[PDB]
Amino acid sequence: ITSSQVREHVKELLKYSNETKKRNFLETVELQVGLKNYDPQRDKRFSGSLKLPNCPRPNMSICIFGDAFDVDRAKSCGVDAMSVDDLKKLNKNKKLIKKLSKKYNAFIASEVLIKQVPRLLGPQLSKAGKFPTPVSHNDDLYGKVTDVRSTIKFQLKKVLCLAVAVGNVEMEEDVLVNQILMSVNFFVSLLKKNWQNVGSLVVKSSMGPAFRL
Amino acid sequence: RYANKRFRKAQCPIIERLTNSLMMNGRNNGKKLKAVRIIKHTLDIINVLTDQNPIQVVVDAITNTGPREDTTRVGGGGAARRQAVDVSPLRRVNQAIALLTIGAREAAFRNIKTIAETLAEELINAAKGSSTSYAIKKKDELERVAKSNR
Amino acid sequence: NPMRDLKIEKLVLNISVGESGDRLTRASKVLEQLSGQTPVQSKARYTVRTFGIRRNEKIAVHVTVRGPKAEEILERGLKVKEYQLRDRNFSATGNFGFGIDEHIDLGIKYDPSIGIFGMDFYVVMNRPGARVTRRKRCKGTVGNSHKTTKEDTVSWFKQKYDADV
RNA sequence: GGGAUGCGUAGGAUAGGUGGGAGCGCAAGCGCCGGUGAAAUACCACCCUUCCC
RNA sequence: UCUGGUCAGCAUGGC
RNA sequence: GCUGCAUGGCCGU
RNA sequence: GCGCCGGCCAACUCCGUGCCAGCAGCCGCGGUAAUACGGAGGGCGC
RNA sequence: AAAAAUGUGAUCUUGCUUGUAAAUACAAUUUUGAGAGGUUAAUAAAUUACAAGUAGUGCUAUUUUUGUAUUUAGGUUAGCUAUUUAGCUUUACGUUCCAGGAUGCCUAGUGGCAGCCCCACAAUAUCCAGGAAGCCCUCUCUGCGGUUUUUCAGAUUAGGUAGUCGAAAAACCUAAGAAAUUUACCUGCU
């Protein structure tokens with residue numbers, strides 16, 4: 001909740017993670033919060049994207065739907081590119097489309113393309129919450145890609161709680177806290193009660209145990 | 001009752017007594033001639049429309065029309081209950097023939113200068129080959145009434 | 001001279017009292033194709049025992065005239081029922097249209113009348129300048145000199161088309 | 001809180017959800033992939049329904 | 001039996 | 001014109 | 001001389017009358033053909 | 001309705017709740033004759049249209065060619081009696097006359113007939129039973145209805161039972177004073 005308290009949470013979490021000094025691979029930090037006194041039945045549920053101020057550390061898988069330029073940038077970035085030609089083909093084959101949707105967290109699409117993508121893709125993508133974000137045809141993707149990586153999705157579903165990826169072991173405790181704050185901000189905005197709803201908050205490394213704020 | 005059963009001379013065309021009775025039912029004002037004609041013409045109608053011989057069609061009709069049981073009122077201690085009872089064999093014919101002619105008159109179709117088609121159609125409708133028509137209705141209705149108050 | 005001569009100013013036919021075109025708008029139909037125009041009027045006098053007690057009344061009345069419409073009407077008009085076309089029938093002023101009057105309160109009024117000559121015909125005769133009296137302005141009054149006389153009046157019409165009787 | 005539980009159709013099947021996920025495991029198996037579907041499933045978590053303590 | 005019907009078919013007492 | 005309760009006759013029932 | 005003449009009870013007709021006037025022992029009689037009221041003729045009784 | 005294509009940010013539509021809008025008519029015969037007064041007092045059914053929210057579904061969201069057209073229809077949710085068929089009228093519970101509209105449901109097929117495009121037969125149940133007339137009665141003109149007061153002897157010659165209100169009169173209806181007074185069934189005494 002308060003910055004100092006979260007800093008302790010984060011600091012403690014890092015120390016606890018063990019087995020060895022640290023796993024060979026860099027673990028990631030997850031923030032989990034439980035909510036209270038909110039009816040999940042109503043549109044109280046939260047599904048939203050948050051741009052973390054310091055990126056996720058993984059830079060979320062992103063797909064780009066578009067043509068030259070936009071497609072070129074996507075390839076340079078190393079992102080999957082779905083070309084304009086493929087859109088109809090994918091609408092036809094649900095089998096592939098389903099797989100594509102499951103694999104990536106976010107989709108970015110050339111804005112002009114939006115009519116076609118919803119016509120063909122929308123049935124699969126929309127239910128998922130996967131619908132693409134439009135960007136101008138001659139936009140610069142890099143900043144967006146960074147944010148979306150460096151973007152994370154908060155999806156409560158009907159359940160009372162949420163788990164989100166806040167950062168990496170690589171990043172500083174200060175950064176992790178800043179990212180956590182961005183997440184917290186969304187909840188504060190959604191309900192009138194605000195943060196009061198948060199029953200309990202916890203931080204945890206991949207391997208490490210959760211520690212309550 | 002009215003009188004002793006007088007025997008009726010059998011029909012000139014097919015010497016069937018039952019037919020004459022039917023003819024009597026049709027006739028009124030003693031116009032015996034018109035009455036015979038209507039029945040004969042109907043028989044001809046039965047021949048064309050239906051492959052079967054008219055005499056057979058008619059007899060079958062009467063059979064469908066005769067009520068087996070009828071309800072007669074009677075005064076019991078309270079109210080007059082309608083006792084169901086069998087019907088005399090003599091009674092059944094008079095009812096059947098009478099009901100045919102009445103239902104036949106009932107038909108909308110006004111065919112032949114006279115009534116003759118209504119009789120023709122009525123009889124066929126009666127047959128149980130076709131056991132429909134107004135005549136059969138009355139018959140079925142009476143039987144239904146009986147055994148309702150079994 | 002020509003001025004003095006008598007001509008007919010406005011006549012106007014009319015119809016009986018009561019509602020008109022009761023079954024359907026009718027009775028106006030007569031008066032229609034007759035005289036060329038179609039007037040309608042209304043009435044006052046609410047409680048009528050066998051009349052209405054309607055206030056504003058549909059009551060049929062109508063027609064008028066001009067010059068020349070009532071000529072070519074009042075042609076094949078007179079030469080209609082006139083047991084006595086004229087005599088006592090019309091009076092001092094010039095022309096009239098009547099029948100037998102009834103004892104009713106008369107005289108102190110503008111003098112419209114029930115009187116029925118034909119489907120109450122109204123030939124009104126006036127000579128002269130007379131537009132003087134009628135017209136709004138210095139009205140003036142008829143001279144009671146150059147006024148119509150029944151004798152003169154039962155002249156003119158009579159000279160033409162039909163006998164005085 | 002701990003152990004259970006969740007049966008339209010399609011989907012090798014009883015899919016309560018959502019986020020992470022290209023892997024978990026010596027292997028077998030399991031998952032990804034492929035596919036069906038409105039939604040995808042291993043594995044790690046969090047939020048639920050109902051039942052038990 | 002009904003003071004049945006008819007003095008208006010006719011007849012007939014009385015008024 | 002009265003009285004069929006003053007009657008004949010005749011008739012209905 | 002006197003009573004009576006509808007039945008009981010022997011002795012009957014006319015007229016007057018018109019539920020009136022009247023009669024009446026009981027039953028009753030008189031509302032226009034009254035042997036019952038009143039007179040008369042006639043009759044019965046004594 | 002069918003076909004093809006662009007394409008609004010792919011795309012896609014069966015519904016639930018709130019707000020506003022309009023029809024569903026009415027007159028007439030007949031009634032104590034007419035008009036006026038609350039056709040009341042009551043409480044208003046439900047069909048379609050647009051907007052928003054919402055599961056839906058990203059919301060408004062196109063153009064060109066072809067046959068008349070080759071589409072779905074039709075019915076169905078009126079009352080009453082009835083154990084079924086059916087029947088009666090055709091829908092009534094404030095009383096009289098009438099429309100069935102929602103969803104969901106039924107036949108797409110069977111029987112007669114030479115044949116049929118020719119005749120017959122199915123259909124649950126919840127929704128509102130809605131609309132007009134119509135309202136003990138009151139005032140006026142003033143109503144073939146019907147008021148106001150009085151008298152009541154006595155049946156060709158009289159009585160016994162009795163004749164729509166016991167009868168009759170004159171008259172009242174914006175005013176009611178006022179005065180005369182029957183009979184049918186049926187019969188008698190000396």
# chains A, B, ... in the order shown; residues from 1 in each chain; ligands from 1
>>> residues_around(residues="residue 41 of chain G", least_positions_apart="4", cutoff="12 Å", atoms="only C-alpha atoms (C1' of nucleotides)", output="PyMOL selection string")
chain G and resi 12-15
>>> select_by_dssp(residues="segment 22-161 of chain C", states="strand (DSSP E or B)", output="list in words")
residues 124, 125, 126, 157 and 160 of chain C
>>> write_last_selection(atoms="N, CA, C and O atoms", output="mmCIF file, in the first residue's frame")
data_model
loop_
_atom_site.group_PDB
_atom_site.id
_atom_site.type_symbol
_atom_site.label_atom_id
_atom_site.label_comp_id
_atom_site.auth_asym_id
_atom_site.auth_seq_id
_atom_site.Cartn_x
_atom_site.Cartn_y
_atom_site.Cartn_z
ATOM 1 N N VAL C 124 -85.008 42.183 -54.907
ATOM 2 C CA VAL C 124 -85.151 43.442 -54.250
ATOM 3 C C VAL C 124 -84.957 44.444 -55.328
ATOM 4 O O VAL C 124 -84.062 44.299 -56.160
ATOM 5 N N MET C 125 -85.801 45.487 -55.376
ATOM 6 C CA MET C 125 -85.603 46.394 -56.460
ATOM 7 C C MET C 125 -85.147 47.721 -55.948
ATOM 8 O O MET C 125 -85.627 48.218 -54.930
ATOM 9 N N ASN C 126 -84.164 48.310 -56.656
ATOM 10 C CA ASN C 126 -83.710 49.641 -56.381
ATOM 11 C C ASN C 126 -83.181 50.209 -57.655
ATOM 12 O O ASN C 126 -82.513 49.530 -58.433
ATOM 13 N N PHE C 157 -90.136 44.291 -64.253
ATOM 14 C CA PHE C 157 -90.476 42.904 -64.322
ATOM 15 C C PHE C 157 -91.952 42.831 -64.392
ATOM 16 O O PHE C 157 -92.641 43.261 -63.473
ATOM 17 N N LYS C 160 -91.242 42.356 -68.931
ATOM 18 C CA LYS C 160 -90.534 41.258 -69.498
ATOM 19 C C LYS C 160 -91.012 39.972 -68.898
ATOM 20 O O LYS C 160 -91.479 39.926 -67.761
#
>>> residues_around(residues="residue 10 of chain F", least_positions_apart="4", cutoff="12 Å", atoms="only C-alpha atoms (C1' of nucleotides)", output="PDB file with C-alpha atoms (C1' of nucleotides), in the first residue's frame")
ATOM      1  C1'   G E   5    -125.928 -20.945 -26.706  1.00  0.00           C
ATOM      2  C1'   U E   6    -129.633 -18.581 -29.617  1.00  0.00           C
ATOM      3  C1'   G E   9    -133.983 -17.707 -38.268  1.00  0.00           C
ATOM      4  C1'   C E  10    -138.553 -18.886 -36.861  1.00  0.00           C
ATOM      5  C1'   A E  11    -142.055 -19.512 -32.647  1.00  0.00           C
TER       6        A E  11
END
>>> interface_residues(of="chain B", to="chain H", cutoff="12 Å", atoms="only C-alpha atoms (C1' of nucleotides)", output="ChimeraX atom specification")
/B:48-51,121,124-125,127-134,136-150
>>> interface_residues(of="chain A", to="chain D", cutoff="9 Å", atoms="only C-alpha atoms (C1' of nucleotides)", output="VMD selection string")
chain A and resid 30 32 to 35 40 47 94 to 96 98 to 99 102 123 to 124 127 to 128 152 to 165 206 to 207
>>> write_last_selection(atoms="N, CA and C atoms", output="mmCIF file, in the first residue's frame")
data_model
loop_
_atom_site.group_PDB
_atom_site.id
_atom_site.type_symbol
_atom_site.label_atom_id
_atom_site.label_comp_id
_atom_site.auth_asym_id
_atom_site.auth_seq_id
_atom_site.Cartn_x
_atom_site.Cartn_y
_atom_site.Cartn_z
ATOM 1 N N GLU A 30 5.818 -11.542 -9.018
ATOM 2 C CA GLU A 30 4.397 -11.565 -9.212
ATOM 3 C C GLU A 30 3.804 -10.800 -8.073
ATOM 4 N N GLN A 32 0.203 -10.356 -6.049
ATOM 5 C CA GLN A 32 -1.118 -10.923 -5.984
ATOM 6 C C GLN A 32 -1.916 -10.151 -4.978
ATOM 7 N N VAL A 33 -3.215 -9.920 -5.262
ATOM 8 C CA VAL A 33 -4.019 -9.180 -4.337
ATOM 9 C C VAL A 33 -5.356 -9.852 -4.262
ATOM 10 N N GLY A 34 -5.962 -9.899 -3.064
ATOM 11 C CA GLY A 34 -7.271 -10.480 -2.958
ATOM 12 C C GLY A 34 -8.185 -9.339 -2.684
ATOM 13 N N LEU A 35 -9.436 -9.404 -3.189
ATOM 14 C CA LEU A 35 -10.349 -8.313 -3.007
ATOM 15 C C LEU A 35 -11.428 -8.750 -2.080
ATOM 16 N N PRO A 40 -18.525 -10.146 -7.616
ATOM 17 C CA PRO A 40 -17.923 -10.587 -8.842
ATOM 18 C C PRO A 40 -18.957 -10.743 -9.911
ATOM 19 N N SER A 47 -10.717 -6.371 -16.221
ATOM 20 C CA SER A 47 -9.927 -6.879 -17.291
ATOM 21 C C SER A 47 -9.340 -5.630 -17.850
ATOM 22 N N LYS A 94 -9.997 -21.712 -38.060
ATOM 23 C CA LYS A 94 -10.139 -21.441 -36.662
ATOM 24 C C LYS A 94 -9.057 -22.151 -35.908
ATOM 25 N N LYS A 95 -8.623 -23.322 -36.409
ATOM 26 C CA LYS A 95 -7.652 -24.116 -35.713
ATOM 27 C C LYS A 95 -6.403 -23.318 -35.501
ATOM 28 N N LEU A 96 -5.877 -22.684 -36.563
ATOM 29 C CA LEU A 96 -4.660 -21.931 -36.424
ATOM 30 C C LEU A 96 -4.896 -20.699 -35.610
ATOM 31 N N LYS A 98 -6.949 -20.059 -33.260
ATOM 32 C CA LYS A 98 -7.070 -20.297 -31.850
ATOM 33 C C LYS A 98 -5.692 -20.386 -31.272
ATOM 34 N N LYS A 99 -4.779 -21.083 -31.970
ATOM 35 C CA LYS A 99 -3.452 -21.263 -31.464
ATOM 36 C C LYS A 99 -2.758 -19.944 -31.350
ATOM 37 N N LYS A 102 -3.848 -17.970 -28.312
ATOM 38 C CA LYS A 102 -3.386 -18.472 -27.046
ATOM 39 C C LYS A 102 -1.955 -18.094 -26.804
ATOM 40 N N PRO A 123 -14.387 -12.945 -33.998
ATOM 41 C CA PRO A 123 -15.055 -13.923 -33.197
ATOM 42 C C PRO A 123 -14.144 -14.643 -32.252
ATOM 43 N N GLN A 124 -12.904 -14.965 -32.671
ATOM 44 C CA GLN A 124 -11.970 -15.622 -31.806
ATOM 45 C C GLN A 124 -11.358 -14.655 -30.831
ATOM 46 N N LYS A 127 -13.755 -12.632 -27.700
ATOM 47 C CA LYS A 127 -14.156 -13.283 -26.481
ATOM 48 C C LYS A 127 -12.996 -13.278 -25.536
ATOM 49 N N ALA A 128 -11.795 -13.517 -26.081
ATOM 50 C CA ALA A 128 -10.550 -13.600 -25.375
ATOM 51 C C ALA A 128 -10.163 -12.277 -24.769
ATOM 52 N N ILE A 152 0.901 -5.417 -19.420
ATOM 53 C CA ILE A 152 0.478 -6.608 -18.753
ATOM 54 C C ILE A 152 -1.007 -6.524 -18.665
ATOM 55 N N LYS A 153 -1.680 -7.694 -18.630
ATOM 56 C CA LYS A 153 -3.108 -7.706 -18.547
ATOM 57 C C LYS A 153 -3.499 -8.175 -17.186
ATOM 58 N N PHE A 154 -4.447 -7.446 -16.574
ATOM 59 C CA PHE A 154 -4.981 -7.754 -15.283
ATOM 60 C C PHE A 154 -6.321 -8.356 -15.577
ATOM 61 N N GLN A 155 -6.517 -9.651 -15.256
ATOM 62 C CA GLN A 155 -7.794 -10.217 -15.559
ATOM 63 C C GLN A 155 -8.252 -10.993 -14.369
ATOM 64 N N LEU A 156 -9.259 -10.439 -13.680
ATOM 65 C CA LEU A 156 -9.855 -10.985 -12.501
ATOM 66 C C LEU A 156 -10.657 -12.200 -12.831
ATOM 67 N N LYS A 157 -11.426 -12.143 -13.935
ATOM 68 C CA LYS A 157 -12.366 -13.194 -14.148
ATOM 69 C C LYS A 157 -13.327 -13.052 -13.005
ATOM 70 N N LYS A 158 -14.148 -14.087 -12.758
ATOM 71 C CA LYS A 158 -15.127 -14.085 -11.703
ATOM 72 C C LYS A 158 -14.497 -14.176 -10.345
ATOM 73 N N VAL A 159 -13.265 -14.706 -10.248
ATOM 74 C CA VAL A 159 -12.609 -14.881 -8.980
ATOM 75 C C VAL A 159 -12.276 -13.534 -8.403
ATOM 76 N N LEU A 160 -12.178 -13.474 -7.061
ATOM 77 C CA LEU A 160 -11.913 -12.325 -6.234
ATOM 78 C C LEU A 160 -10.496 -11.816 -6.356
ATOM 79 N N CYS A 161 -9.530 -12.637 -6.816
ATOM 80 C CA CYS A 161 -8.154 -12.195 -6.771
ATOM 81 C C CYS A 161 -7.563 -11.958 -8.137
ATOM 82 N N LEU A 162 -6.270 -11.541 -8.145
ATOM 83 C CA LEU A 162 -5.570 -11.179 -9.347
ATOM 84 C C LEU A 162 -4.116 -11.506 -9.160
ATOM 85 N N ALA A 163 -3.424 -11.926 -10.243
ATOM 86 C CA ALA A 163 -2.003 -12.123 -10.165
ATOM 87 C C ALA A 163 -1.444 -11.423 -11.373
ATOM 88 N N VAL A 164 -0.377 -10.609 -11.204
ATOM 89 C CA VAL A 164 0.160 -9.885 -12.330
ATOM 90 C C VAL A 164 1.660 -9.981 -12.276
ATOM 91 N N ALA A 165 2.338 -9.877 -13.444
ATOM 92 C CA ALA A 165 3.776 -9.893 -13.446
ATOM 93 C C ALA A 165 4.206 -8.455 -13.401
ATOM 94 N N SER A 206 9.355 -16.116 -8.716
ATOM 95 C CA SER A 206 8.805 -17.281 -9.343
ATOM 96 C C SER A 206 8.912 -18.425 -8.383
ATOM 97 N N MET A 207 10.156 -18.753 -7.993
ATOM 98 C CA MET A 207 10.514 -19.825 -7.108
ATOM 99 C C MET A 207 10.156 -19.523 -5.678
#
>>> residues_around(residues="segment 109-111 of chain B", least_positions_apart="6", cutoff="12 Å", atoms="only C-alpha atoms (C1' of nucleotides)", output="PyMOL selection string")
chain B and resi 38+41-42+45+103+117-122
>>> residues_around(residues="residue 50 of chain C", least_positions_apart="2", cutoff="10 Å", atoms="only C-alpha atoms (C1' of nucleotides)", output="list in words")
residues 18, 47, 48, 52 and 53 of chain C; 34 of chain H
>>> atom_distance(atom1="atom CA of residue 53 of chain B", atom2="atom CA of residue 97 of chain B")
18.9 Å
>>> residues_around(residues="residue 180 of chain H", least_positions_apart="3", cutoff="12 Å", atoms="only C-alpha atoms (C1' of nucleotides)", output="PDB file with C-alpha atoms (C1' of nucleotides), in the first residue's frame")
ATOM      1  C1'   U H 150    -114.481  14.155  -3.279  1.00  0.00           C
ATOM      2  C1'   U H 151    -118.794  10.912  -3.033  1.00  0.00           C
ATOM      3  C1'   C H 152    -120.434   5.741  -2.837  1.00  0.00           C
ATOM      4  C1'   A H 153    -126.350   4.708  -3.428  1.00  0.00           C
ATOM      5  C1'   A H 168    -117.246   6.685 -10.417  1.00  0.00           C
ATOM      6  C1'   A H 169    -116.330  12.284 -11.199  1.00  0.00           C
ATOM      7  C1'   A H 170    -113.865  16.423 -12.457  1.00  0.00           C
TER       8        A H 170
END
>>> residues_around(residues="segment 179-186 of chain A", least_positions_apart="6", cutoff="6 Å", atoms="only C-alpha atoms (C1' of nucleotides)", output="list in words")
residues 52, 53 and 166 of chain A
>>> write_last_selection(atoms="N, CA, C and O atoms", output="compact mmCIF listing (two decimals), in the first residue's frame")
# COMPACT_ATOMS: atom_id res chain seq x y z
N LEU A 52 3.37 -0.87 -17.66
CA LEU A 52 4.18 -0.73 -16.48
C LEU A 52 5.22 0.30 -16.79
O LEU A 52 5.72 0.37 -17.91
N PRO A 53 5.56 1.12 -15.83
CA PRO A 53 6.51 2.16 -16.08
C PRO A 53 7.87 1.65 -16.40
O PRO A 53 8.62 2.36 -17.06
N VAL A 166 4.96 -8.09 -12.34
CA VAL A 166 5.49 -6.77 -12.11
C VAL A 166 6.89 -6.49 -12.59
O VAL A 166 7.25 -5.32 -12.71
>>> select_by_dssp(residues="chain B", states="alpha helix (DSSP H)", output="PyMOL selection string")
chain B and resi 17-26+32-49+54-65+89-106+116-126+134-145
>>> atom_distance(atom1="atom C1' of residue 94 of chain H", atom2="atom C1' of residue 40 of chain H")
13.0 Å
